[PDB]
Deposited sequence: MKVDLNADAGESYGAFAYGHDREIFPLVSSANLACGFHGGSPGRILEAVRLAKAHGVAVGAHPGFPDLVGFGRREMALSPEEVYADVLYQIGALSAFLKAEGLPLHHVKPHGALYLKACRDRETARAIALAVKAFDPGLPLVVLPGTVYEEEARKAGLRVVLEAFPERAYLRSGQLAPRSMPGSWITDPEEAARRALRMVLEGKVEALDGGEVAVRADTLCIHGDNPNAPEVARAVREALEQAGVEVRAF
């Protein structure tokens, strides 16, 4: 069986280095690159694309809100029209670097607060979906299963890719546990790898509030010690005979 391992990257801005792209790229099969709004200045995008290419990592767009200082982690009251234009702008900018390096745009996955706004706001979700569709109808959109975001993406006629989080706790409802909830985030790479295997091999994950829940992981998202977690997860999957490859 196979699964895609994805991680955010190229979020550095100018002189401000961010993340551990060098350590993460050799472990993942796909990367979500920032497009200059919440991170990723032009030179850093070019650098990240070159790194991904060198490591045979598939590159997708990681569009976000126009809030650099806030790293796109803050909710912003953008109109659907503004979301559509901002997403198009970002996808296009990244695609130029991929074109220069002879690589295709693999997917699109919203970043931070935009992602969250999409998961609970139909108009925002629809705007993202239409922007992606208008750019390339064939582009897959990474979404959180069971959300209005997955719904609008499907209604738009886009191919959807289901994401799972081995580092985040799940609730019986099938949705992610609230951030600051005791035990909401799995820190031990060993358990995360354990959970990852389970999600792939069995399509299920333990639930924080009792029992377990079903989850179909087309791709597994990886976050500090991210390299360690990513390492642990990839190894557990490969030692298990699971192929880690871009979706």
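Visitor: Report the unmodelled segments of the deposited sequence as residue ranges counted from 1.
Guide: Model skips only 224-226 of the deposited chain.
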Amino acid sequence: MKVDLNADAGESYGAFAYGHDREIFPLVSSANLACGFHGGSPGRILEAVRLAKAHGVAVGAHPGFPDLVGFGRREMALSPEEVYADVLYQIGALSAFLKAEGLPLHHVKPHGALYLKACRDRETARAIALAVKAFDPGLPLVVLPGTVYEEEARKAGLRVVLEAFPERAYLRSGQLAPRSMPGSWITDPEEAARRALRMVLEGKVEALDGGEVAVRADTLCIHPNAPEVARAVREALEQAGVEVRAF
From here on, numbers count along this sequence of modelled residues.
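Visitor: Which has the higher mean CA temperature factor in the PDB entry, 197-205 or 42-50?
Guide: The deposited B-factors put 197-205 ahead on the C-alpha mean.
Visitor: For the higher mean C-alpha B factor in the entry, choose 111-119 or 90-98.
Guide: It is 111-119.
Visitor: Between 31, 35, 69, 215, let me know which has the highest C-alpha B-factor in the entry?
Guide: Going by the entry's C-alpha B-factors, 215 comes out highest.
Visitor: Have a look at 104, 145, 80, 137 and flag the one whose Cα has the highest B-factor in the entry.
Guide: Most elevated C-alpha B-factor of the set, per the entry: 145.
Visitor: Could you look up the Cα B-factor of residue 172 in the entry and say which third of the chain it sits in: lowest, middle or highest?
Guide: Its C-alpha B-factor, which the entry lists for residue 172, ranks in the highest third among residues of this chain.
Visitor: Ranked by Cα temperature factor within the chain, is residue 64 in the lowest third, the middle third or the highest third?
Guide: It belongs to the lowest third of the chain when residues are ordered by C-alpha B-factor.
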